[PDB]
Amino acid sequence: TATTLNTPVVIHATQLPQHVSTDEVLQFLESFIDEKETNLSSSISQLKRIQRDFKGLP
Amino acid sequence: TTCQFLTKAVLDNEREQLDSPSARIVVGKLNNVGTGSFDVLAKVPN
Amino acid sequence: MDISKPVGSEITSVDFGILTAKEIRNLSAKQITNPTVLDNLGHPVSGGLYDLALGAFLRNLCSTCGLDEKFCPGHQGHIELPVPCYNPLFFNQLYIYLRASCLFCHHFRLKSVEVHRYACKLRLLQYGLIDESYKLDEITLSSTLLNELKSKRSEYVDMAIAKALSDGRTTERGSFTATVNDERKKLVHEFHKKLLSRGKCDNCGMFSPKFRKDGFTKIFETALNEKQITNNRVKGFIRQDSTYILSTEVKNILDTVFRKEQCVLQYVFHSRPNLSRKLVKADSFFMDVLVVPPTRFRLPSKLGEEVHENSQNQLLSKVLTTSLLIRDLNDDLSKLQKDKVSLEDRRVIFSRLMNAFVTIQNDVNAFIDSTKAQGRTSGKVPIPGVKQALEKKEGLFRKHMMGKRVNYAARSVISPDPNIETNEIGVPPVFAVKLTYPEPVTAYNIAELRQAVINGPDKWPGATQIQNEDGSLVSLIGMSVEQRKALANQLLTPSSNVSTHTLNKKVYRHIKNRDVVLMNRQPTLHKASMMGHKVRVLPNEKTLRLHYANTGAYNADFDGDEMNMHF
Amino acid sequence: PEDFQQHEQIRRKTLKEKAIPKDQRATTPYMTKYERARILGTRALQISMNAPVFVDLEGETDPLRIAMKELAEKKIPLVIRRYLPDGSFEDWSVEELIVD
Amino acid sequence: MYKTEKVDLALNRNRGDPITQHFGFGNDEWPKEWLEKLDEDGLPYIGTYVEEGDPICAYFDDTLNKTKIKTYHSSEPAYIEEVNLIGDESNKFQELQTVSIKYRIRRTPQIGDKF
Amino acid sequence: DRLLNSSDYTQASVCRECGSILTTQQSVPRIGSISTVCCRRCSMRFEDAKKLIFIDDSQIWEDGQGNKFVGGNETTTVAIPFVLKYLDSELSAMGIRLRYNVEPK
Amino acid sequence: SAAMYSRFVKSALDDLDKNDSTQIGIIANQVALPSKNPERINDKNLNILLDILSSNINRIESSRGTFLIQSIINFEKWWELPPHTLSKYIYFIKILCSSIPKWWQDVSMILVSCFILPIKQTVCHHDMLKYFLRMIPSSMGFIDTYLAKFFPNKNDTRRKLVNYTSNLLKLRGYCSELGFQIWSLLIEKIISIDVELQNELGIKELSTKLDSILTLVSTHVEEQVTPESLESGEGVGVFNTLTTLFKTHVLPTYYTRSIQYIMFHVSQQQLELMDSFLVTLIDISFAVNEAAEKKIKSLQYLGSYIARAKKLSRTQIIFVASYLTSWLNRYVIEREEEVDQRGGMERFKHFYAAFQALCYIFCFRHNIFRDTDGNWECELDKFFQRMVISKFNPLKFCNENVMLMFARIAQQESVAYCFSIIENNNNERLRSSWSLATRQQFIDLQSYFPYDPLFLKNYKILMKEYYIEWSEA
Amino acid sequence: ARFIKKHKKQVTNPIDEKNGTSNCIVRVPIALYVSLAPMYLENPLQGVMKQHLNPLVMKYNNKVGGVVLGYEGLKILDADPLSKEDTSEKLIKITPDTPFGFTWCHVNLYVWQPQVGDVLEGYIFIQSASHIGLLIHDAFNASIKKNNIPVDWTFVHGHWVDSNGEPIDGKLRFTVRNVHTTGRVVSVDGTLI
Amino acid sequence: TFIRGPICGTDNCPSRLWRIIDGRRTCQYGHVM
Ligand SMILES: [Zn+2]
Ligand SMILES: [Zn+2]
Ligand SMILES: [Zn+2]
Ligand SMILES: [Zn+2]
C-alpha cells in the first residue's frame with residue numbers, strides 16, 4: 001500500500017485542464033510509449049491498445 | 001499555572017507561532033537553537 | 001522514530017479556541033447517557049462510558065474503526081447537558097461583562113464614544129501600531145459632535161493600517177511583540193476597569209440591578225434601590241418609540257449585549273486580526289454538551305491484583321445521572337397546562353430546578369475542578385478533577401517532558417581505571433551483549449553484520465534481531481546456528497517489492513569499540529555531567545570503568561555512586 | 001486556484017530575497033563547528049543508504065569516516081542554508097566554506 | 001542474605017469460604033520439569049537452587065481444572081532454606097493454605113560493596 | 001531521541017482542514033475495498049448531504065456502526081509526541097479546541 | 001418444491017424492491033452454510049436461485065442486495081458442485097462481475113487462494129481468471145498481490161507448495177504480462193531454496209520439498225524454452241527473466257546450493273543460451289564498475305561452469321580460456337611493476353580470482369586443450385609458468401586445494417612446474433603480505449564452487465546429461 | 001455561505017464532429033510534492049519518475065478526476081530561488097530525521113476524465129439478461145444495467161435485441177450515468193435513456 | 001517457550017507465539033514482531 005516512498009504527499013492542478021485533439025493524443029502516446037521501452041510493462045501494454053483504437057483497428 | 005495561561009490564550013484566540021524552546025518540545029518540533037540554525041542542501045549535477 | 005519512515009507534513013503553528021456544541025455533536029462517535037458502566041458479564045453497557053464506539057476496550061474491538069486495543073486511537077463522544085452550564089474556566093470574564101451590561105439599552109453602560117475609542121486602539125494594536133494608538137487619543141476638533149468624532153477616529157485607524165501595510169511595518173496577519181502585547185494588556189485592563197466603574201448607563205441613563213456571585217458559580221440579582229427606581233421612571237417617557245438568576249437568563253442578557261457591542265468585542269477577544277471573520281458569541285462562556293474523551297484515556301487501574309474504576313468516569317457518571325433526572329423534571333414540567341392549574345407547584349418546580357442546576361454546576365466546578373466543589377463529608381479529602389490531574393503533583397510538563405523514564409541504556413556502579421583513555425568508558429560485556437544499535441546493512445558492513453547474526457543474542461559481539469524491509473522483526477533468540485547462518489546469508493538480497501525498494505534490512509547488533517555512548521551522573525547541574533565517551537568493552541568486568549580525569553566533570557567519588565550509560 | 005499559484009510564487013520569491021544574492025553575502029566565510037558536525041552526520045546518513053560516494057573507501061566501514069574523507073577532499077554535495085533572524089537566508093556550499 | 005516470602009492462597013477467598021486451591025498436583029497434564037524443583041506436596045525440596053522463572057510452588061485450582069504454579073521473581077538466584085507450613089487454628093479441619101519460604105542468597109563481596 | 005524517540009514519538013493523523021488530531025479515524029470499507037483516513041468533523045452525514053450536481057464515489061466513507069459520510073478526506077500524518085494527544089483530549093473535555101496548522105496545504 | 005421455490009425467490013425479490021430484505025437474507029443465510037451442514041441449500045433449489053438471479057442481475061445491485069451476493073461468492077467448495085449446477089454458478093459469477101466489476105476483486109482472491117489445490121481441480125478457476133483478466137486488464141494489479149499473499153509457507157505441506165507453483169506456471173501461460181512478477185515470486189522462493197540445502201550440506205524434508213519444486217520448475221522451463229519458441233515465442237522472455245533473477249538473487253547470496261542449477265540447466269538447452277550465459281558471466285566478472293566481491297563470485301561461477309557443463313563445445317571452452325589468458329597476460333604486462341611498490345598483495349585479488357578460474361578450468365578440461373598436433377591451445381605450457389613465477393605468486397594466494405591439483409596435473413602434462421614454488425611458499429610461512437581481516441573472506445569466496453555436485457536425489461539424475469562428475473574428467 | 005461544493009463534476013467535456021461522442025482526453029498541468037530516495041541523488045528526475053509518476057500510469061487518480069494516461073515535461077523546482085530555471089544543478093531540502101529529500105515538481109498529465117453526462121462509444125464484449133458489458137477505447141470497463149436499457153428492448157438465449165427486433169453488436173453509443181473509481185480498475189455506468 | 005495463543009502474525013505459520021520479556025513476541029520459525 002501507499003507510503004511516502006511511492007505516493008506524492010500532495011497533488012494540485014495548476015490550471016484548468018485543456019482538451020486535446022486526436023492528432024495530439026496520438027503524438028503523445030507515440031513518444032511516451034517509445035521513451036518507456038512489471039506494473040509499467042502491463043501499463044504500456046494497455047496504452048498500446050489505446051493508441052491502436054485511436055488509429056481505428058480491432 | 002497551566003490553566004490560567006491557557007484560559008488567557010483561548011480568550012485571545014492566540015496563535016502559538018512555535019518559536020520558543022518550550023513550545024517546540026510540546027509539539028515535537030526540532031529546536032531553533034544549534035545545528036538546527038541553518039538548512040542543508042545538496043548540490044546535484046545534471 | 002525510524003529513519004526509514006519519513007514524514008512529509010509538518011505542523012507550523014497552533015491556534016487556541018473554543019469547541020462549539022454544533023462541532024461536538026457532528027464529530028461525536030456516540031452520545032453517552034447511561035451512568036452504569038458494565039453489566040453482570042463485564043461487558044460495556046451500551047450508551048455507557050465504555051461504549052465501544054469510543055474505542056476498543058479490553059478484548060473487544062472498536063465499533064467505530066474496527067481496530068483492536070492496540071491500533072485503535074480512540075474516538076470522542078459527548079454528553080448532552082439538559083440545561084446550559086457556565087464553563088468554569090471563563091466564569092470570571094462572564095461576570096465582568098454581565099456586570100458591565102445595561103439591562104435596558106443592551107450596550108455596555110460605558111458611553112459608546114469611549115467604548116469606540118478602545119475599539120480603535122486595540123484594533124491598531126493588532127497591527128503593532130503602538131505610536132498610532134497614542135495619536136488616536138490626540139483626536140478632538142453632546143450627541144451630534146460625538147458621531148463625527150467617532151467617525152474621524154475611525155478614518156484615522158483605517159488610514160494608519162493602510163499606510164502601515166503599504167510600507168514594511170505590518171501584514172494582514174498582524175504584528176505581535178512583547179511591547180505590543182504589554183500595551184494591549186494594559187488597555188484591556190483599563191477598559192474592564194472603566195466598564196465596571198459606571199453606575200447609571202451613560203447611554204440611556206437608566207439603572208440596572210446589580211449582580212453578585214458565589215465562589216461556586218451562582219449569580220444573584222439585587223433588585224433596585226429607591227432613588228434609582230425614581231430615576232428610572234423619570235426616563236420612562238424617553239423610552240417610547242435578591243434572587244438566584246438562571247444561567248439561561250444570564251445567557252440571554254449577554255447574547256444581546258454581544259450583538260450590540262460586537263465591534264469592541266471583536267478586538268477585545270482577538271490579539272491578531274480576525275481573518276476567519278467569526279462573530280464573538282456569548283455561547284463561548286457556556287456548555288450545552290460535554291466531550292467524553294476516548295476510552296483509552298479513561299481506563300481502569302490495577303493496584304496489584306484488585307481493579308479500581310477510573311476517577312474521571314466516576315465524575316462523568318454523576319453528570320449522567322443528574323442529566324437523566326433533569327430530563328424527567330422537564331417531562332413533568334410540560335405536563336402542566338397549568339392553564340387550570342394551581343399556582344404553587346410553580347414554587348416547588350423551581351425548587352427542584354435550582355437544586356439540579358446547583359449540583360451539576362458543582363460537579364463541573366469540582367472537575368475544573370475540585371476547587372469549585374463543595375467539600376465532601378468534611379474529611380475524606382477531595383478527589384482530583386481534571387484540572388488537578390493536569391496541574392497535580394509536579395505536572396505533565398515537569399514529570400513527563402522535562403524529565404522522563406527512558407528505555408535503552410544502562411546503569412551501574414562506577415570503578416576507577418587508569419588504563420582506559422580519558423575519553424573512553426569501560427563497558428561490561430553484560431551490557432555489550434544486550435545493547436544494540438539498529439545497524440542498517442550495507443556493502444561496507446555486510447561482513448561484520450553477517451558475523452553478528454551468526455554469533456546470536458548471547459555471544460558478544462552478536463545481535464538479537466533483524467528488521468526486514470517491510471518493517472517486521474525476526475527474533476534470533478530461539479534459533480540454532482544453522483537457522484542464523486541462513487538469515488545471515490539473506491541480509492543483502494535485492495528488493496522483491498517496489499514499495500520497500502529504497503530500504504535495507506537492519507541488524508540489532510551488540511555495541512562495540514567503534515561506538516559512542518552518553519555517560520551521566522546525577523545531579524546533572526552543568527553540561528559536563530553528561531558527556532560522550534568512546535566505548536571500550538572489557539572482559540570479565542561487572543561495573544563501568546572510568547578514568548580519574550573525569551571525576552571533576554561528573555563530580556564522581558567512586559564511593560558506590562552510579563552512572564547511566566545511554567546508547 | 002490560479003491565485004494560490006500566485007500566492008506560492010510570492011512566498012517563494014520573498015523567501016529567496018531573504019535567501020539572497022551570492023555576491024551580497026555577509027556572514028562568516030568559515031564553516032562553523034555546528035555546520036561541520038551536521039554536514040558530517042547527514043552526509044553519513046546518506047552514505048548509509050547508498051548515496052553515490054565520491055571518494056575511495058580504502059576499506060572503511062564507518063559511514064561517518066567516509067563522510068569525513070569526503071569532507072577532506074571537498075566532495076560533499078551539500079549546501080548550508082544560514083538563516084538570519086528575520087528569516088532571510090544565505091546559501092553556502094560546503095566546498096566553498098573554509099573548514100577548520 | 002536471607003529473604004522470607006509468604007505464599008498464602010487464601011488471599012482471594014471471601015472469609016471461611018469453600019477452598020478452591022490446594023497445594024499439590026492435579027491429574028491433568030502439566031510440565032513434569034516442575035518436579036525438578038517441587039516435591040509431591042507442591043512445596044519445593046529444601047536446598048534447591050532456584051533462579052528467575054522457576055517454580056517455587058504448585059497448587060491445583062478448582063475453578064480452572066488446571067494445576068498452576070507460583071514462580072520465583074528475583075533476578076538474583078537463591079537456594080531454599082526453610083519451608084514452613086503455617087497451619088491454622090480455629091480447631092484443625094482446615095487444610096494447608098499458608099506457607100513461608102525462606103531463600104538464601106550468596107554474597108561473595110562484589111564491586112560496589114562498602115567497607 | 002529522548003523526547004524524540006524514547007519519549008513517546010508517534011505518527012498520528014491530522015485533518016489538514018480543521019487542524020485536529022482527535023477527529024480522524026480509519027474508514028470501514030466494504031470487503032475488497034481499502035480503508036482510508038477520514039475526519040469526523042469535516043464530513044456530512046450522508047442523508048444531510050443528499051438534501052443539498054452529483055456525488056462522487058471516492059467521497060463517501062462509512063464507519064463500523066454503518067453510517068455513511070460525505071467528505072473529510074483532507075488528512076495526513078505528522079510526527080508528534082503522544083502526550084500531545086492526551087493534552088488535546090483533556091482540553092476538549094474543558095471545551096477547548098487546539099487547531100494545528102499543517103503544511104503543505 | 002421445484003416451482004414453489006421459484007415462487008419463494010420471486011417473492012423475495014419483490015419483497016426486496018420493498019426493502020423488507022427478510023426473505024432474501026433467509027435465502028442468503030441458507031447458501032452461506034458450510035459444505036458440511038446438511039441444511040445448506042441443495043443443488044436443485046440452488047440451480048433455481050442462480051438462474052433467476054442471472055436473468056436480471058440489476059435487480060440485486062443495491063445495498064440490500066450486497067449480503068446475498070457476498071454469500072454466493074463465499075459458497076464453500078463451489079468448484080466441487082455437480083456439473084450442471086457448477087455451470088450455473090459459473091454463469092452467475094460471469095454475469096455478476098460483468099455488470100458490476102467491483103466484485104471481481106472478491107472473486108479472484110478466493111480463486112488465487114485455490115491455487116493450493118491440484119491442477120485437475122483448478123480448470124474452472126483458471127478459466128475464470130483468463131476470462132476476467134482479459135475483460136478487466138486493470139485487475140492484474142491487486143490479483144498480482146494475491147499471488148504473493150497466498151503463497152504457501154515453507155513449513156506448509158509440500159503438496160500445497162508444489163501445487164501453488166504448478167498453477168502459477170499455468171497462469172503464466174495465458175497472462176504473460178504478469179510473467180515477470182510471477183518468475184520473481186518463484187525465484188524469491190529462491191531464498192527458501194537457498195535455505196533448504198546448503199546448511200544441511202527434518203532436513204530430509206526440505207530435500208524432497210526443494211527437490212519436487214526444482215524438478216517441476218525446470219521441466220516447465222524445458223518446455224517453455226525451445227528453438228521454435230525462441231524465434232517467435234516467449235522462450236526468450238523466460239530466459240531473460242531467469243537470467244535477471246540470477247544476477248539479482250542467486251549470484252550475490254552467492255552461497256546457494258539449491259538453486260543456481262536452474263541456470264546451469266536451461267543454459268545447456270541451446271548453443272546460444274550457453275553463449276549468452278558465458279558472456280554474461282564474463283561481463284559480471286570483469287566489469288569496471290562492479291564491486292570486487294561480485295567480480296570474484298562471478299569468476300568462481302565462470303570457472304565452475306566451464307568445468308562442469310557437459311553440453312559445452314570445445315570452442316566455447318577455448319573461448320573462455322582465450323579470454324582468461326588474454327586478460328591475464330595483460331594484467332602481468334601492465335601491473336607486475338606495482339608489486340614491489342607500496343600496498344599489499346590484496347591489491348590483486350582480482351588477478352588471483354581469474355587465475356584460479358583458469359586453473360580450475362584446466363583441471364577439468366586439460367585433455368581438450370591439446371590440438372591435433374599435441375600442442376597446447378593458448379600456449380598453456382609457456383603461459384602457466386609465466387604466471388606461476390611472476391611476482392604475484394598466484395600459488396600462494398589462491399585456493400590451496402585447487403593450486404595443489406593444478407600442480408599435480410600441470411606437472412603431469414609437462415605444462416608447468418609449481419611444486420618448488422609451493423615448497424618455498426609454506427617454508428616462508430613457517431619461519432607478499434595481506435591483512436587477514438579481509439584475507440579470510442577471500443579464502444572463503446575461493447572455496448565455494450556453485451556447480452560442485454548436487455545432493456538432491458532426483459535433480460541429480462535429471463542433471464546427469466548436463467553434468468561432468470570429477471570421476472568423468 | 002460555505003463551499004465544499006467545489007467537488008462538483010465540471011465535465012465540461014465537449015461533443016465532437018465529424019462525430020458524435022465526447023472527447024474526454026485532457027492535458028492538465030500539476031504540481032506535486034514528492035520524496036526523493038538517497039539512491040537517486042545523482043538521478044533526481046529518474047527517481048521522481050520511478051518512485052511517483054510511473055505508478056500513476058493507467059490508474060484512476062482522485063485529484064485530476066480521471067485515469068492518468070501518462071506525463072510530459074517533468075521539472076524540479078529548485079529550493080534555491082536564486083538560480084535560473086536553466087541550470088542542471090538544483091537544491092533539494094533533506095528531512096531532519098531521515099536521508100530523504102522532498103521537492104516540489106511540475107509535470108503535465110494526460111487524463112481520461114469521463115464526467116457524468118458525456119457520450120461515449122464502447123465495444124460490446126458480454127451480454128446477460130442483467131447488463132451489457134462494453135470496452136471503451138478497448139481499455140476501460142463500461143456497463144449498462146438491465147433497467148437503463150429502454151423498455152421495449154428484449155433479451156434472448158445470450159444476446160440483446162432492440163426496438164426494431166434486430167440484434168445489437170460491436171460499437172454501441174451510451175451516455176455516462178456514474179463513474180465508479182474506487183475498485184481495482186475504473187468502471188463506467190452507462191445509460192440508454 | 002510457550003504460550004499457544006495468538007497463532008502467528010505470519011501467513012506461512014501460524015506458529016506458535018511465546019512472548020519474551022523484551023516484547024518481541026516470537027513464533028517458532030522465527031518471526032519477531
Ligand atoms: Zn477506533
Ligand atoms: Zn443603557
Ligand atoms: Zn477535519
Ligand atoms: Zn510465523
# chains A, B, ... in the order shown; residues from 1 in each chain; ligands from 1
>>> interface_residues(of="chain B", to="chain C", cutoff="9 Å", atoms="only C-alpha atoms", output="JSON, numbers by chain")
{"B": [1, 2, 3, 4, 6, 7, 9, 10, 11, 12, 13, 14, 15, 16, 17, 18, 25, 26, 27, 29]}
>>> residues_near_ligand(ligand="ligand 3", cutoff="9 Å", atoms="only C-alpha atoms and all ligand atoms", output="JSON, numbers by chain")
{"F": [14, 15, 16, 17, 18, 19, 20, 21, 23, 24, 38, 39, 40, 41, 42, 43, 72, 73, 74, 75]}
>>> interface_residues(of="chain G", to="chain C", cutoff="8 Å", atoms="only C-alpha atoms", output="PyMOL selection string")
chain G and resi 184-185+188+191+195+199+248-249+252-253+255
>>> residues_around(residues="range 18-24 of chain A", least_positions_apart="4", cutoff="12 Å", atoms="only C-alpha atoms", output="number ranges by chain")
A: 13-14, 28-31, 50-51, 53-56; H: 11-17, 22-29, 108-113
>>> residues_around(residues="residue 30 in chain I", least_positions_apart="2", cutoff="10 Å", atoms="only C-alpha atoms", output="MDAnalysis selection string")
(chainID C and resid 465 473:479 483:484) or (chainID I and resid 10 15:17 25:28 32:33)
>>> write_last_selection(atoms="N, CA, C and O atoms", output="compact mmCIF listing (two decimals), in the first residue's frame")
# COMPACT_ATOMS: atom_id res chain seq x y z
N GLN C 465 18.24 -9.36 16.87
CA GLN C 465 17.22 -9.49 15.84
C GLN C 465 17.50 -8.77 14.56
O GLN C 465 18.43 -7.95 14.46
N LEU C 473 10.09 -7.56 12.40
CA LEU C 473 11.26 -8.03 13.13
C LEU C 473 11.29 -9.53 13.16
O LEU C 473 10.25 -10.17 13.17
N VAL C 474 12.49 -10.09 13.18
CA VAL C 474 12.68 -11.53 13.36
C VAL C 474 13.62 -11.75 14.53
O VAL C 474 14.74 -11.25 14.52
N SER C 475 13.16 -12.50 15.53
CA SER C 475 13.99 -12.76 16.70
C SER C 475 15.03 -13.83 16.41
O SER C 475 14.73 -14.84 15.79
N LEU C 476 16.25 -13.59 16.86
CA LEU C 476 17.33 -14.54 16.74
C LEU C 476 17.41 -15.40 18.00
O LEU C 476 18.31 -16.23 18.15
N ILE C 477 16.44 -15.23 18.89
CA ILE C 477 16.53 -15.84 20.21
C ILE C 477 16.38 -17.36 20.23
O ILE C 477 17.29 -18.08 20.64
N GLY C 478 15.26 -17.86 19.76
CA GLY C 478 15.08 -19.30 19.80
C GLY C 478 15.95 -20.12 18.86
O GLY C 478 15.79 -21.33 18.77
N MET C 479 16.89 -19.48 18.17
CA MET C 479 17.46 -20.11 16.98
C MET C 479 18.73 -20.93 17.12
O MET C 479 19.58 -20.68 17.97
N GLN C 483 19.95 -21.97 11.42
CA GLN C 483 18.91 -21.01 11.09
C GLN C 483 19.51 -19.61 11.02
O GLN C 483 19.23 -18.85 10.09
N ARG C 484 20.35 -19.26 11.99
CA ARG C 484 21.04 -17.97 11.98
C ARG C 484 21.93 -17.79 10.75
O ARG C 484 21.92 -16.73 10.12
N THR I 10 2.23 -14.30 10.81
CA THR I 10 2.90 -14.61 9.55
C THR I 10 2.19 -15.76 8.87
O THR I 10 2.23 -16.90 9.34
N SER I 15 2.39 -20.16 13.74
CA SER I 15 3.32 -20.94 14.55
C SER I 15 3.89 -20.09 15.67
O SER I 15 4.16 -18.91 15.49
N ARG I 16 4.08 -20.70 16.84
CA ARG I 16 3.13 -20.55 17.92
C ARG I 16 3.71 -19.68 19.02
O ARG I 16 4.80 -19.94 19.53
N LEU I 17 2.97 -18.64 19.39
CA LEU I 17 3.56 -17.44 19.99
C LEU I 17 3.99 -17.77 21.43
O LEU I 17 3.18 -18.21 22.25
N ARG I 25 7.51 -10.68 20.44
CA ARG I 25 6.83 -11.96 20.61
C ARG I 25 7.13 -12.90 19.45
O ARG I 25 7.01 -12.53 18.28
N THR I 26 7.53 -14.13 19.78
CA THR I 26 8.35 -14.94 18.88
C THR I 26 7.62 -16.21 18.47
O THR I 26 7.10 -16.94 19.32
N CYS I 27 7.59 -16.48 17.17
CA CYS I 27 6.98 -17.71 16.66
C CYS I 27 8.04 -18.60 16.01
O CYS I 27 9.06 -18.11 15.53
N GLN I 28 7.79 -19.90 16.00
CA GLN I 28 8.85 -20.89 16.15
C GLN I 28 9.84 -20.80 15.00
O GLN I 28 11.05 -20.92 15.20
N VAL I 32 9.80 -12.31 14.79
CA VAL I 32 9.73 -11.48 15.99
C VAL I 32 9.14 -10.14 15.60
O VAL I 32 9.71 -9.37 14.82
N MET I 33 7.96 -9.87 16.14
CA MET I 33 7.07 -8.77 15.80
C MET I 33 6.90 -7.89 17.05
O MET I 33 6.53 -8.38 18.12
>>> residues_around(residues="residue 4 in chain F", least_positions_apart="5", cutoff="10 Å", atoms="only C-alpha atoms", output="PyMOL selection string")
(chain B and resi 25+28-30) or (chain C and resi 1) or (chain F and resi 9-10+79-81) or (chain H and resi 97)
>>> write_last_selection(atoms="C-alpha atoms", output="tab-separated table (two decimals), in the first residue's frame")
chain	number	residue	atom	x	y	z
B	25	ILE	CA	9.15	20.46	22.69
B	28	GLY	CA	7.73	17.68	18.85
B	29	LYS	CA	9.49	20.19	16.63
B	30	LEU	CA	13.29	20.30	16.23
C	1	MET	CA	11.20	7.07	15.44
F	9	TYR	CA	7.27	9.67	19.33
F	10	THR	CA	4.10	8.87	17.39
F	79	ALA	CA	5.06	13.23	13.96
F	80	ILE	CA	4.02	14.31	17.45
F	81	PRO	CA	4.73	13.35	20.99
H	97	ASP	CA	15.14	12.92	10.74
>>> select_by_dssp(residues="chain H", states="alpha helix (DSSP H)", output="list in words")
residues 44, 45, 46, 47 and 48 of chain H
>>> write_last_selection(atoms="N, CA and C atoms", output="compact mmCIF listing (two decimals), in the first residue's frame")
# COMPACT_ATOMS: atom_id res chain seq x y z
N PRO H 44 17.99 12.67 -10.02
CA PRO H 44 16.72 13.06 -9.38
C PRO H 44 15.47 12.91 -10.27
N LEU H 45 15.56 13.24 -11.56
CA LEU H 45 14.39 13.09 -12.44
C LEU H 45 14.01 11.62 -12.61
N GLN H 46 15.01 10.80 -12.86
CA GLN H 46 14.83 9.36 -12.91
C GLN H 46 14.10 8.88 -11.65
N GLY H 47 14.53 9.37 -10.50
CA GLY H 47 13.98 8.93 -9.24
C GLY H 47 12.56 9.37 -9.03
N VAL H 48 12.25 10.62 -9.36
CA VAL H 48 10.88 11.07 -9.29
C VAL H 48 9.99 10.23 -10.20
>>> closest_atom_pairs(of="chain H", to="chain B", cutoff="8 Å", atoms="only C-alpha atoms", output="Markdown table")
| residue | atom | partner | partner_atom | distance |
| --- | --- | --- | --- | --- |
| H:41 | CA | B:44 | CA | 7.1 |
| H:42 | CA | B:44 | CA | 6.5 |
| H:43 | CA | B:46 | CA | 7.8 |
| H:88 | CA | B:46 | CA | 4.7 |
| H:89 | CA | B:45 | CA | 4.6 |
| H:90 | CA | B:44 | CA | 5.6 |
| H:91 | CA | B:41 | CA | 5.5 |
| H:92 | CA | B:41 | CA | 5.9 |
| H:93 | CA | B:41 | CA | 5.4 |
| H:94 | CA | B:41 | CA | 6.8 |
>>> write_last_selection(atoms="N, CA, C and O atoms", output="PDB file, in the first residue's frame")
ATOM      1  N   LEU H  41      20.137  10.395  -5.758  1.00  0.00           N
ATOM      2  CA  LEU H  41      20.749  11.712  -5.596  1.00  0.00           C
ATOM      3  C   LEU H  41      21.539  12.185  -6.811  1.00  0.00           C
ATOM      4  O   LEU H  41      21.803  13.378  -6.941  1.00  0.00           O
ATOM      5  N   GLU H  42      21.921  11.257  -7.691  1.00  0.00           N
ATOM      6  CA  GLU H  42      22.634  11.620  -8.912  1.00  0.00           C
ATOM      7  C   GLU H  42      21.713  11.578 -10.119  1.00  0.00           C
ATOM      8  O   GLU H  42      22.092  12.006 -11.206  1.00  0.00           O
ATOM      9  N   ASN H  43      20.503  11.065  -9.914  1.00  0.00           N
ATOM     10  CA  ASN H  43      19.490  10.973 -10.961  1.00  0.00           C
ATOM     11  C   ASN H  43      18.104  11.434 -10.511  1.00  0.00           C
ATOM     12  O   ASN H  43      17.140  10.689 -10.626  1.00  0.00           O
ATOM     13  N   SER H  88      21.337  22.727 -14.350  1.00  0.00           N
ATOM     14  CA  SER H  88      21.056  21.333 -14.089  1.00  0.00           C
ATOM     15  C   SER H  88      21.559  20.948 -12.713  1.00  0.00           C
ATOM     16  O   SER H  88      21.498  19.778 -12.343  1.00  0.00           O
ATOM     17  N   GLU H  89      22.069  21.927 -11.965  1.00  0.00           N
ATOM     18  CA  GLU H  89      22.365  21.716 -10.543  1.00  0.00           C
ATOM     19  C   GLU H  89      21.293  22.357  -9.665  1.00  0.00           C
ATOM     20  O   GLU H  89      21.135  23.572  -9.690  1.00  0.00           O
ATOM     21  N   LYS H  90      20.565  21.544  -8.890  1.00  0.00           N
ATOM     22  CA  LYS H  90      19.467  22.050  -8.055  1.00  0.00           C
ATOM     23  C   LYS H  90      19.537  21.610  -6.591  1.00  0.00           C
ATOM     24  O   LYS H  90      20.186  20.624  -6.258  1.00  0.00           O
ATOM     25  N   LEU H  91      18.854  22.345  -5.719  1.00  0.00           N
ATOM     26  CA  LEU H  91      18.802  22.001  -4.306  1.00  0.00           C
ATOM     27  C   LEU H  91      17.514  21.303  -3.907  1.00  0.00           C
ATOM     28  O   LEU H  91      16.420  21.717  -4.294  1.00  0.00           O
ATOM     29  N   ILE H  92      17.657  20.235  -3.132  1.00  0.00           N
ATOM     30  CA  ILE H  92      16.513  19.533  -2.577  1.00  0.00           C
ATOM     31  C   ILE H  92      16.696  19.396  -1.072  1.00  0.00           C
ATOM     32  O   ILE H  92      17.635  18.756  -0.626  1.00  0.00           O
ATOM     33  N   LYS H  93      15.810  20.010  -0.292  1.00  0.00           N
ATOM     34  CA  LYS H  93      15.939  20.002   1.174  1.00  0.00           C
ATOM     35  C   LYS H  93      15.788  18.603   1.761  1.00  0.00           C
ATOM     36  O   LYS H  93      14.867  17.866   1.402  1.00  0.00           O
ATOM     37  N   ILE H  94      16.706  18.251   2.662  1.00  0.00           N
ATOM     38  CA  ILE H  94      16.724  16.939   3.283  1.00  0.00           C
ATOM     39  C   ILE H  94      15.982  16.977   4.600  1.00  0.00           C
ATOM     40  O   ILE H  94      16.125  17.925   5.374  1.00  0.00           O
TER      41      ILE H  94
END
>>> closest_residue(among="E:38, E:1, E:11, E:80", to="chain C", atoms="only C-alpha atoms")
E:11
>>> select_by_dssp(residues="chain E", states="strand (DSSP E)", output="ChimeraX atom specification")
/E:2-8,21-23,49-50,55-61,66-71,78-86,98-104
>>> residues_around(residues="residue 97 in chain C", least_positions_apart="2", cutoff="12 Å", atoms="only C-alpha atoms", output="PyMOL selection string")
chain C and resi 90-95+99-103+106-110+191-196+211+250-251+253-258+261+265+268+282+285
>>> atom_distance(atom1="CA of residue 175 in chain C", atom2="CA of residue 273 in chain C")
9.3 Å
>>> residues_near_ligand(ligand="ligand 1", cutoff="9 Å", atoms="only C-alpha atoms and all ligand atoms", output="number ranges by chain")
C: 52-56, 61-69, 71-75, 294; F: 25-26
>>> interface_residues(of="chain H", to="chain F", cutoff="12 Å", atoms="only C-alpha atoms", output="number ranges by chain")
H: 3-11, 31-34, 60-63, 65-66, 96-97, 102-104, 115-117, 177-188
